[PDB]
Amino acid sequence: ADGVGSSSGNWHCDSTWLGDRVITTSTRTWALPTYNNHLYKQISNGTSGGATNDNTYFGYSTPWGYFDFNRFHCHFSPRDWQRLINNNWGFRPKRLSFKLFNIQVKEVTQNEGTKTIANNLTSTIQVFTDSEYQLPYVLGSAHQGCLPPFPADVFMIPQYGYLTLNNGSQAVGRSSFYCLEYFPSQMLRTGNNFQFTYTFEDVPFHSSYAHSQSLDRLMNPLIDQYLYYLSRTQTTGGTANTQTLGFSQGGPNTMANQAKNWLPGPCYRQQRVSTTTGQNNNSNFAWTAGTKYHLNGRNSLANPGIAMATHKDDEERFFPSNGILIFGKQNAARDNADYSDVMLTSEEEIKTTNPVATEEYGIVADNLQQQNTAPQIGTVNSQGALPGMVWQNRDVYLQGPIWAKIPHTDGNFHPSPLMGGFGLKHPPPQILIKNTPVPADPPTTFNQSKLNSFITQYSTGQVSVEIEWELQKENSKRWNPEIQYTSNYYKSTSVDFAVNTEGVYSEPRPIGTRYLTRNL
Amino acid sequence: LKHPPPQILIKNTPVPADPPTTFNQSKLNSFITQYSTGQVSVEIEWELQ
Amino acid sequence: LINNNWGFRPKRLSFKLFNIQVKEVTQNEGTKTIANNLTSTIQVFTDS
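Set out below in structure tokens:
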């Protein structure tokens, strides 16, 4: 029987490995503030200010808040991430559990310059899941406010809000308004708890491997082809060279000429930037030279975009201008952070089947050659899907997003989220939480207007999340040793992935999942 | 002892002070000052020669 | 309702009153404080 004196949950943080499955469990401590003084508010941005047309919006900020566990380091310790990426070809989520317990509602009164805090034992909070997907889904945009990677940190719950259709700063007739109080929710006093379970739909394993072959090198290097290609249009070694047709079989010394069954994946070309600044052009081109898409008269940067190889061989210093994921180091500034303060991801492993982001896709013909007119060619900078293409997705990182909701549409092509992850028609439902308003003392004569005076209040508690993951084991006849993720051997002032003297936990660098290799 | 009596760990659960009303991503560093007390029993059976 | 139906009428209803909090306010000088009174009651009845 639940009561004020009895705890409603226990702390569960563990990882369990069972042959083909691994189960993660995390527990954190959270604090929930009252947002917007219990109000819904219209919020918008328009060109009337200094804002441009590309940045306009219309929407609403709610009094509610929400939980977000959608980053991988929520569920995996750096060591557990190492066990995963060094030994498995692939993995995917299966089911999850969620718990909310040990609720404490507290009240703060402030008189003069002193502040005191006390328990309010009869207050409640409200929690519900949107399991019919009736709200705008804001999870999947890579927002701050998830559970912290380090289990001992206490985190603040982020405020929920959403956008709808706009014209400038104005709203149109199709614009929707939503009230989160119009949903059935559970109310909890300090002795109550909340839980639910969820099952993931069938989804392909994330590929956590790099190819040991390239798409243009699938032939046997010993043997000739029986097919022929056009190798000569003109006679050679003579006083006057003339028109002729010559044919040759493709073989070991001409691999670029052989007939093949497959084509590289699609291309949408990015501008190239060097981390050596002296090599860049002396101009501010980040926005003007950016790779963008146009929608309803409004330009949006295509970021990170489709999965393309970051650079080619021996060109590590180059990266696509808006084509990669970028993470910040601990205590990095919000705006205009230095190169040293950020971490850049690399998609070099997909070079085998995906074109380089800063180069063209290929060459096509432009005209019809004749005796009078020489042939002309043209460069393909953007290429749509062609029959016979194969490609890889973008990699996932320990700091990155796990899933995204697939938009509900008539059609989609290869619905893998472009920031990386698992695309889901029915994603894990979003979880909304709010402090129930407690009025201050009303007047003794009736008044019809809604009360605007309340008791200042906030809540805290613990939350558990448990996810079961399916594993795809590596089965390989490779003779020589593989590449594995490892920590450095040499001495240093601190340990990577630990606290410092101050007690600040930091993450040294981004860690991907591609170490083991497979044949193409 | 290869497997000695296991060590027993205890901690006060942190209770935050009032957070700000606008969201901030950094971990909360303000808490309520707190401590705990209680009683503990230990009983050991000893074999005699 | 109004775009698709010729008519409508009420049938039955349910009423609930819950999560009661009684609070006391004392005011000394110019400061005001509010606290719970856990043993207070309220009275409710229907005139049926």
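Protein chains in written order, with PDB author numbering: chain A, 219 to 738; chain E, 642 to 690; chain B, 302 to 349.
The beta carbon of each residue, even a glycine, is placed where N, CA and C say it ideally should be.
Check: Cβ of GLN377(A) within 7 Å of any chain E Cβ; Outcome: yes
Check: N- and C-terminal bounds of the alpha helix (DSSP H) containing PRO281(A); Outcome: Premise fails: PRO281(A) lies in the beta strand (DSSP E), 275-285, not in any alpha helix (DSSP H).
Check: Run of the beta strand (DSSP E) containing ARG407(A), from where it starts to where it stops; Outcome: It is not in any beta strand (DSSP E) - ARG407(A) carries neither H nor E in the DSSP assignment.
Check: Reduced DSSP category for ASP584(A) - H, G, I as helix; E, B as strand; rest coil; Outcome: coil
Check: The stretch 309-323 of chain A contacting the stretch 360-380 of chain A, beta-carbon criterion three pairs below 8 Å; Outcome: no
Check: Proximal residues of chain A, C-beta to C-beta of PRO660(E) below 7 Å; Outcome: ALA249, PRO251, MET374, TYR676
Check: Under the three-state DSSP convention, the category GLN497(A) falls into; Outcome: helix
Check: Secondary structure, beta strand (DSSP E): runs of 3+ residues fully inside the stretch 554-619 of chain A; Outcome: 560-562, 580-583, 595-598
Check: Complete beta strand (DSSP E) runs within the stretch 386-427 of chain A (minimum length 3 residues, chain order); Outcome: 404-406, 412-417
Check: Validate contact between the stretch 614-629 of chain A and the stretch 663-681 of chain E using beta carbons, cut 8 Å, 3 pairs; Outcome: no
Check: Where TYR511(A) falls, given that 16 or more other Cβ within 10 Å makes a residue buried; Outcome: exposed
Check: Same chain only: Cβ atoms within 6 Å of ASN459(A), ignoring 5 sequence neighbours per side; Outcome: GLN452, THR453
Check: Distance, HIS230(A) Cα to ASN706(A) Cα; Outcome: 31 Å
Check: Residues from the stretch 324-341 of chain A in contact with chain E, defined by Cβ distance under 9 Å; Outcome: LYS324, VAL326, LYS333, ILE335
Check: As assigned by DSSP and simplified to three states, the class of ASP531(A); Outcome: coil
Check: Test: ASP371(A) CB closer than 7 Å to a CB of chain E; Outcome: yes
Check: Of the residues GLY223(A), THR347(A), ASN385(A), the one placed nearest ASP272(A), counting alpha carbons only; Outcome: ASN385(A)
Check: Beta-carbon neighbours of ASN320(B), restricted to chain A and to distances below 7 Å; Outcome: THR342, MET405
Check: Close-in-space but distant-in-sequence residues of the same chain around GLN610(A) (CB under 7 Å, 5 per side omitted); Outcome: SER425, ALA525, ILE568, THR571, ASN572
Check: Distance between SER394(A) and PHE401(A) (C-alpha atoms, nearest Å); Outcome: 16 Å
Check: 7 Å Cβ cutoff, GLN680(E) in contact with chain A; Outcome: no
Check: Ranges of the beta strand (DSSP E) found wholly within the stretch 315-342 of chain A, counting only runs of at least 3; Outcome: 332-337
Check: Counted within 10 angstroms of its Cβ, other Cβ atoms place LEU302(A) as buried (16 or more) or exposed; Outcome: buried
Check: 7 Å Cβ cutoff, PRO646(E) in contact with chain A; Outcome: no
Check: Minimum C-alpha distance to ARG297(A) - residue among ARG239(A), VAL326(A), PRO367(A), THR280(A); Outcome: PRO367(A)
Check: Contact set for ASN320(A): own chain, Cβ-Cβ below 7 Å, skip 5 residues either direction; Outcome: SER225, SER226, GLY227, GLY679, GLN680
Check: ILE542(A), DSSP secondary structure in three states; Outcome: coil
Check: Alpha-carbon spacing of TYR355(A) relative to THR242(A), whole angstroms; Outcome: 25 Å
Check: Exposure label - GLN260(A); buried when at least 16 CB within 10 Å; Outcome: exposed
Check: Enclosing alpha helix (DSSP H) for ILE303(A) [first to last residue]; Outcome: 296-305
Check: Between the CA atoms of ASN475(A) and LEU440(A) - distance to the nearest angstrom; Outcome: 15 Å
Check: Length of the line joining the Cα atoms of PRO660(E) and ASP532(A); Outcome: 49 Å
Check: Within 7 Å, strictly: CB atoms of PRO633(A) and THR576(A); Outcome: no
Check: Proximity to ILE343(B) [Cα-Cα], best of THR327(B), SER349(B), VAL323(B); Outcome: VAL323(B)
Check: Proximity winner among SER387(A), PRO281(A), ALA249(A), relative to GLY268(A) (alpha-carbon distances); Outcome: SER387(A)
Check: Contact with chain E by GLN413(A), beta-carbon distance below 7 Å; Outcome: no
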